[PDB]
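Report on the structure
Chain residues, written in single-letter form:
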Amino acid sequence: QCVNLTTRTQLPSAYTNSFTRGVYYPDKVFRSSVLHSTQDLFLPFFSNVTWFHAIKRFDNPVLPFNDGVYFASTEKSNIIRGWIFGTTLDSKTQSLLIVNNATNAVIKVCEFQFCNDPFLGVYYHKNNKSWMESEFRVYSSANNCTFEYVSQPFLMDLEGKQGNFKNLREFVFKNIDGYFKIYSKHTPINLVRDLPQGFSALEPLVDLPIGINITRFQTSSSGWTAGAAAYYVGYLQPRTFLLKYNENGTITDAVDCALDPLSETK
Amino acid sequence: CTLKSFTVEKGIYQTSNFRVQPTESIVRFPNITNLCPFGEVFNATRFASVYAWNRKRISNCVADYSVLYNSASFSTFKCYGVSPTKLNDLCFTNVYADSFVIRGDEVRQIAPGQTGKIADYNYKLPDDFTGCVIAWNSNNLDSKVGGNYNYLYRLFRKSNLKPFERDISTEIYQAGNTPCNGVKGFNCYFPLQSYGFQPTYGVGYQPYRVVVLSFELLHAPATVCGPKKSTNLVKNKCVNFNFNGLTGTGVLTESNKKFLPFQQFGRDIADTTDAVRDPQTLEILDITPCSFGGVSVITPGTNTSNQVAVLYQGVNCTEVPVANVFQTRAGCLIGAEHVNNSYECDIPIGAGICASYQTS
Amino acid sequence: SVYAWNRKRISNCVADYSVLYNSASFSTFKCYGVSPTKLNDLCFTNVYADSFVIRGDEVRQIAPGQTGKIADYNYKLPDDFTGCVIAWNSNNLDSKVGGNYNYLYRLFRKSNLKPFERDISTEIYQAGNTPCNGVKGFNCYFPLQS
Amino acid sequence: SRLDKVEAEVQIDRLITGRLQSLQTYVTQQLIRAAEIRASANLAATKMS
Amino acid sequence: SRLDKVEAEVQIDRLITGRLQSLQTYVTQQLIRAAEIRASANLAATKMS
Amino acid sequence: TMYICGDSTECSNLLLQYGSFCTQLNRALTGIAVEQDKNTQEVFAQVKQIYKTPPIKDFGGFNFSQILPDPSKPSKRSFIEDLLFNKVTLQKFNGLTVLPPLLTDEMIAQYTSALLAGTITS
Ligand SMILES: *[C@@H]1O[C@H](CO)[C@@H](O[C@@H]2O[C@H](CO)[C@@H](O)[C@H](O)[C@H]2NC(C)=O)[C@H](O)[C@H]1NC(C)=O
Ligand SMILES: *[C@@H]1O[C@H](CO)[C@@H](O[C@@H]2O[C@H](CO)[C@@H](O)[C@H](O)[C@H]2NC(C)=O)[C@H](O)[C@H]1NC(C)=O
Ligand SMILES: *[C@@H]1O[C@H](CO)[C@@H](O[C@@H]2O[C@H](CO)[C@@H](O)[C@H](O)[C@H]2NC(C)=O)[C@H](O)[C@H]1NC(C)=O
Ligand SMILES: *[C@@H]1O[C@H](CO)[C@@H](O[C@@H]2O[C@H](CO)[C@@H](O)[C@H](O)[C@H]2NC(C)=O)[C@H](O)[C@H]1NC(C)=O
Ligand SMILES: *[C@@H]1O[C@H](CO)[C@@H](O[C@@H]2O[C@H](CO)[C@@H](O)[C@H](O)[C@H]2NC(C)=O)[C@H](O)[C@H]1NC(C)=O
Ligand SMILES: *[C@@H]1O[C@H](CO)[C@@H](O[C@@H]2O[C@H](CO)[C@@H](O)[C@H](O)[C@H]2NC(C)=O)[C@H](O)[C@H]1NC(C)=O
Ligand SMILES: *[C@@H]1O[C@H](CO)[C@@H](O)[C@H](O)[C@H]1NC(C)=O
Ligand SMILES: *[C@@H]1O[C@H](CO)[C@@H](O)[C@H](O)[C@H]1NC(C)=O
Ligand SMILES: *[C@@H]1O[C@H](CO)[C@@H](O)[C@H](O)[C@H]1NC(C)=O
Ligand SMILES: *[C@@H]1O[C@H](CO)[C@@H](O)[C@H](O)[C@H]1NC(C)=O
Ligand SMILES: *[C@@H]1O[C@H](CO)[C@@H](O)[C@H](O)[C@H]1NC(C)=O
């Protein structure tokens, strides 16, 4: 059950540079005061990443998923709720669905009949200062399901936080030999629209052995007002980083070997 | 024997290296708990019938077959793909569990590659069946004195359908060439007839509840399978540990390192395992293999005498009897008498110590 | 049978394998340590005449090193076996209308055994964890199978 | 622990043929360096004497 | 003497690899030692002259 | 054996067929091990009668304080070679063992005193 959001203006893919964001823990191993090099899928430093402008402004387009993906979200109030990953997205084959609502981060794995416009309904804004899930307008049927997962109950604030983006949410997705990975991290920031300059680490969240093939992914009934959102989409390719661990197991600095000759020498 | 001669010269000889053999082997794994309720299926209030046998999803649980098999309430138990004992180790991507009740005389139709009414009309099996067929008598529970007419079976079907094909067609069957119309008429037969189970019925006529655990192999990550175990932890003696597949030999000692909550292992610049975290009770431990070192034989000439002494290269002699004493930085020497007068070096040992043949 | 396979010592003789290699009666002639065309020029320390009967489609495990019911329980070829294996279809000479139940095989046994080991024991195998006494009982199955 | 013994030796024949090949390189390097140190040590002996 | 031309081709190959590696090590051992005497021979010439 | 097939019975069996490689290596590493002691034997022990300096330091207006050993330190080392020992920057699982040298680091410093005490008075 879905309703198309056709009152959408096409926006050019405006470009912005991700300075030093997207570095995470590739493997669950602790090593102290050493410089370990790794060859996996990572987001390049200072790379031209697509910056999306969301207000009016909510385009929900299909994007290809190849060699992993990146996500960053300079957000207030967590308008971002999840993503999907699959190869057909038309109930023919199993596809991944990640839904984060006010109660649980639920994982459902079925041959989802993915409708063109996936979105979740919330109590509009008439006069009442209340916000919670109303519409499951993401898919229609889930016939042959294989994997499900629900975290422990918690309540997340759906209140319409205003102002500059205070909470930084950066999420990384990959698929290796059927295993599905999601990584996350929360940190404060004070800046207007762009990504800050600085170094940070992204912690692992949960590993899921789904084993389905993925090639493309996607992030009264007409007319809605959305809070100002600035999220980004990056793509990952096999690259070599020089990760500097401290004696505590927390990353302090990283260098992309493939950026410039100075990086190659380092 | 090493020098391949009956006469050995004055000097120090390195032969027959030494290693402290580990005492025994220890196994450690995390906690295993999530059991899906086979109880509510096996002890279920009412089972489905053979005409519309139900299929139910078994997901993300432990398939502990020990309690499943050791129960004596079952009548027959036949696995056709693997040995019944070893289902607990080979993990299954998915398991198809069906519960159905038939006559005792029809149980030989359940076996694959057989001829029978329920083998051909509703429940057919492929020529490469792999699951396990389990049945148990339930006369005293299913039977009714007036006839328990709840169960139904396919008396007539238009054709023999494929294995594991479930259908709900109940239209009046056409036995003859003339078409059938209405509910009754010539060549008009009801495709469903009702089972009647009575206490007076003997073996073969009794109601027998049957369950089959069939499974599909390696088209998705493993989801449901049997249990696993671990033993008590020990310290201060080199043993063969197994932490989530981390086979190795070494002494177990409490350490001062501090992991992150999700961190599991430890590695050095040498890229080797150095610290492991217990998956049951969170602690940080060191791994250092128990001591090893070459054995050195110190002797004068064969003609002069026969007495010798043995040295352990870099080995502590607090643990020497595994194979007069004196401790040196190069190792611990036994069989020699220590003195204090200082002479010229006769045969070198290491760390400034030199042995000699002297007075008797 | 595969549990009672017969062994007969042959020594101090001249062996004519030429007829064996040129005979057309053999459906299977595959040697592992030797090639059959050079064999008439070789001398042997001893001859091990092991003989038995098995199913026609039961010959794969006869190869050295294999695994399964037969090579696990009742007849072995060592990893470095040197010799030749010979077989030929014998339905008319070893099959009967009523069933040749006269031959058994080790369906069950405790563990893996050493090569060329012989056993005719009929002690009931304790497949189940519960102790078994007497000669019958649930999950109490005799090792031989017809 | 994964393959049967019929060909488990075939896999580990590679490591035996392999790990020896690595050990031969390390030892041969040491001989070259050891001969190089002698030139310095014998020269230093002349300086002292 | 025991096998025909087809499978004899396989065994003989691994003997040559085994024996050739044995001959390679001996030669590289001689070269290092032969260099040492060259240094001793030169020193004797200096003392003699 | 320990490096190639550590703590495995089957691996230690196939290595047997390769003959005497294992013996060849152990002699080769031993050959350089014994040789190292011969070098430090040759360069430092040119004197066999160990002289010691007189307590008086009336050496005609020179002072050899930086080179004469300092009794204060736990090891009888002088000012200069304490700098050197601080400048330089430097048992294992898989058979790799390090053997101690024959001459302990304190023993060498005793020789150099004799070589230095003799040449400043004789
Ligand atoms: C929402 O929009 C999508 C397209 O954006 C619609 O999908 C179309 O469906 C019709 C018939 O159902 C097809 O003829 C078109 O080819 C489809 N378009 C594409 C791009 O595949 C969908 O039907 C719409 N649904 C609703 C409820 O409005
Ligand atoms: C958020 O999504 C989860 C996942 O669907 C919802 O959890 C379901 O809750 C209902 C009733 O609360 C249960 O009957 C379902 O069994 C739950 N799903 C699962 C998979 O267990 C949750 O209710 C949602 N929260 C909100 C506020 O909509
Ligand atoms: C998951 O279930 C669906 C539906 O139960 C399966 O789709 C069926 O596939 C069979 C043959 O593969 C067809 O005969 C049916 O017509 C299909 N049903 C529908 C509704 O289209 C699907 O195959 C199952 N997944 C797997 C991996 O077997
Ligand atoms: C490694 O982590 C420890 C523990 O978090 C750090 O020690 C803390 O240091 C801060 C500031 O230096 C103090 O306020 C805390 O009280 C210390 N806690 C403990 C338990 O010692 C340590 O500083 C970290 N390493 C580095 C290099 O900063
Ligand atoms: C050999 O082992 C013994 C015991 O394992 C060592 O003796 C210990 O030395 C430490 C350091 O002073 C003490 O704290 C312990 O109490 C001692 N234990 C015993 C039982 O004496 C000894 O130092 C080791 N020798 C070498 C050369 O490593
Ligand atoms: C010998 O000469 C040296 C250097 O010329 C003198 O060394 C310093 O002497 C002063 C005077 O007491 C001390 O304060 C310094 O600490 C000495 N240097 C060091 C590095 O300790 C030394 O005093 C002279 N000795 C005599 C007897 O004249
Ligand atoms: C990013 O955008 C700028 C300007 O739009 C362009 O010059 C640059 O090439 C882009 N990045 C890459 C990697 O091409
Ligand atoms: C707010 O909610 C109440 C009850 O939930 C409802 O009666 C009221 O109409 C809502 N406010 C508006 C402006 O509709
Ligand atoms: C997913 O699709 C690709 C497309 O070629 C296919 O190769 C792969 O086998 C599919 N995955 C599964 C699990 O069938
Ligand atoms: C060893 O001792 C014997 C006397 O028992 C003597 O004849 C022989 O010469 C000695 N060996 C050497 C190498 O001097
Ligand atoms: C040698 O000297 C030590 C001094 O540390 C003394 O304890 C020991 O008794 C002496 N040896 C003999 C045989 O007296």
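Residues numbered from 1 in each chain as written, not as in the entry; some residues may be left out. Chains lettered and ligands numbered in written order. Part of a larger assembly, values for the part shown. Heavy atoms only, no water. Residues with missing side-chain atoms left out of burial classes, pairs and counts.

Its PDB record attributes the structure to cryo-EM, giving the resolution as 3.90 Å.

Observations concerning the site of ligand 5
Residues and elements named next belong to chain B. Rules: Proximity criterion: a residue is near a molecule or strand once any of its heavy atoms comes within 4 Å of it. Here a polar contact means two N or O atoms within 3.5 Å. Within protein one must be a hydrogen donor candidate and the other an acceptor candidate, and residues neighboring in sequence count only if both atoms are side-chain atoms. Using a 1.4 Å probe, accessible areas were evaluated by the Shrake-Rupley method; residue-level cover was limited to the displayed protein chains.
Taken together, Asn-316, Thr-318 and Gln-327 are the residues near ligand 5. Between ligand 5 and the protein, one listed contact pairs an oxygen atom with a side-chain N or O atom of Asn-316 at 2.3 Å. Within the side chain of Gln-327, one N or O atom sits 3.3 Å away from a nitrogen atom of ligand 5. For ligand 5, the protein covers 20% of the area, taking 580 Å² as the surface of the free molecule.

Some words on the sheet that holds strand β15 (residues 275-277) of chain B
Residues and elements named next belong to chain B. For the record, the criterion: The criterion for strand pairing is that DSSP finds at least two bridges linking the strands in question. Starting at the N terminus, helices and strands are each numbered in turn, a helix being any DSSP run of H or I of at least four residues and a strand any DSSP run of E of at least two. Geometry is summarised by axes, namely lines fitted to C-alpha atoms with helices restricted to the contacting stretch, and by angles between N-to-C directions that run from 0 to 180 degrees.
Ordered in space as β12-β13-β16-β15, the four strands form an open sheet in which the pairing is antiparallel. The open sheet has two edge strands, β12 (239-243) and β15, and neither has a second partner. Neighbour to neighbour, the strand axes of the sheet diverge by 60 degrees on average, direction disregarded. Bridging between β15 and strand β16 (residues 284-288) involves three bridges; their strand directions are antiparallel.

Topic: the side chain of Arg-154 of chain B
Residue and element names in this part refer to chain B. So the rule is basically this: Each residue is assigned to one of three classes by its accessible area relative to the maximum for its type, calculated with a 1.4 Å probe on protein chains only: buried under 20%, partly exposed between the two thresholds, exposed over 50%. Just so you know, the count uses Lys and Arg for positive and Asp and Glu for negative, and it drops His and the chain ends. Here, a salt bridge means any side-chain nitrogen of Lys or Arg that lies within 4 Å of a carboxyl oxygen of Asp or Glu.
Relative to the elements of secondary structure, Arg-154 occurs in strand β7 (residues 152-154). Here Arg-154 sits buried without a salt bridge, and the closest side chain of opposite charge, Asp-167, lies 4.8 Å off (N-O distance). A polar side-chain atom of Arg-154 sits 2.4 Å from the main-chain carbonyl oxygen of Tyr-51. Here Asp-167 takes part through its backbone oxygen, which lies 2.4 Å from a polar atom of the side chain of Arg-154.

Comments concerning the interface of chain F and chain B
Applied cut-off: Here a residue-residue contact requires only that any non-hydrogen atoms of the pair lie within 4.5 Å. Joining two parts hides part of their accessible area as seen by a 1.4 Å probe, and the buried area is that hidden amount summed over both. Polar here means any residue other than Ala, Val, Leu, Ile, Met, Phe, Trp, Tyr, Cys and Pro, which are nonpolar, and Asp, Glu, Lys and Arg, which are charged; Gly is therefore polar.
Contacts between the two partners involve 11 residues from chain F and, on the opposite side, 16 residues from chain B. Here chain F and chain B share an interface that buries about 1,000 Å² over both sides, 72% of which is from carbon and sulfur atoms. Run the count over chain F and chain B and you get one salt bridge. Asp-7 of chain F is the partner of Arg-19 of chain B in a salt bridge, and the nearest nitrogen-oxygen pair spans 3.6 Å. Summed over the shared surface of chain F and chain B, the number is three residue pairs in polar contact. Tallied by class, the residues present in the side of chain F that touches chain B amount to six nonpolar, three polar and two charged.

Description of a nonpolar patch on the surface
We apply this condition: Residues with no salt bridge and a relative accessible area higher than 30% make up the patches, which join like charges within 9 Å and nonpolar side chains (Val, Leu, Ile, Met, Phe, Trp, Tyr) within 5 Å.
On the surface, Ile-67, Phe-79, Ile-80, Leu-83 and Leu-84 of chain F cluster together to form a nonpolar patch covering roughly 450 Å² of accessible area. With respect to the helices and strands, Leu-83 of chain F occurs in helix α3 (residues 79-87).

A word on the arrangement of the chains
For the eight pairs of chains in contact, the maximum contact count is reached by chains D and F. Separated in space, chain A and chain D share no contact, their closest pair of C-alpha atoms being 19 Å apart. Between chain C and chain F there is no contact, and the shortest C-alpha to C-alpha distance separating them is 14 Å.

Details of the packing of helix α1 (residues 8-48) of chain D against helix α1 (residues 5-48) of chain E
Put simply, the rule is: Every angle not falling under 35 degrees, over 145, or within 65 to 115 is termed oblique; those three ranges are roughly parallel, roughly antiparallel and roughly perpendicular.
Two numbers describe how α1 of chain D lies on α1 of chain E: the axes approach to 11 Å, and their chain directions differ by 10 degrees. By the angle between their directions, the pair α1 of chain D and α1 of chain E is classed as roughly parallel. Facing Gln-21, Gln-24, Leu-31, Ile-32 and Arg-38 of chain D of α1 of chain D, the residues of α1 of chain E in contact are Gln-21, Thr-25, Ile-32 and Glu-36 of chain E. The class makeup of the residues in the contact of α1 of chain D with α1 of chain E is three nonpolar, four polar and two charged.

Section: the interface of chain D and chain F
Each partner contributes to the interface: chain D provides 20 residues, whereas chain F provides 18 residues. A combined buried area of about 1,700 Å² lies between chain D and chain F, and 76% of that area is made up of carbon and sulfur atoms. Three residues stand out in chain D for area buried against chain F, namely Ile-16, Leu-20 and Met-48 of chain D, and they jointly supply 29% of the buried area on that side. Here chain D and chain F share one salt bridge between them. Its salt-bridge partner being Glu-35 of chain F, residue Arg-38 of chain D comes within 3.4 Å of it at the nearest N-O pair.

Some words on the sheet that holds strand β20 (residues 325-328) of chain B
All names here are of chain B. Ordered by their spatial adjacency, five strands build an open sheet running β1-β18-β19-β21-β20, and the pairing between neighbours is antiparallel. Of all strands in the sheet, those bounded by a partner on one side alone are β1 (11-14) and β20. Strand-to-strand twist of the sheet, defined as the mean angle between neighbouring strand axes without regard to direction, takes the value 20 degrees. Pairing analysis gives four bridges linking β1 to strand β18 (residues 295-299), with the strands arranged antiparallel. From the neighbouring strand, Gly-11 faces β18, where its bridge partner is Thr-299.

Considering the pattern of salt bridges
All names here are of chain A. Within this structure, the stated rule accounts for 16 salt bridges over all chains. The partner of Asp-207 in a salt bridge is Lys-181, and the shortest N-O contact between them spans 3.0 Å. Residue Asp-207 is found in strand β16 (residues 203-209), and its partner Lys-181 is found in strand β14 (residues 179-184); the two are separated by 26 residues along the sequence.

With respect to the environment of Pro-37 of chain B
All names here are of chain B. Position of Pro-37 among the secondary structure elements: in the loop between β2 (18-19) and α1 (38-42). With a relative accessible area of 47%, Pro-37 lands in the partly exposed category. Each C-alpha atom of the pair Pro-37 and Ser-99 lies 14 Å from the other, and the pair is 62 residues apart in sequence.

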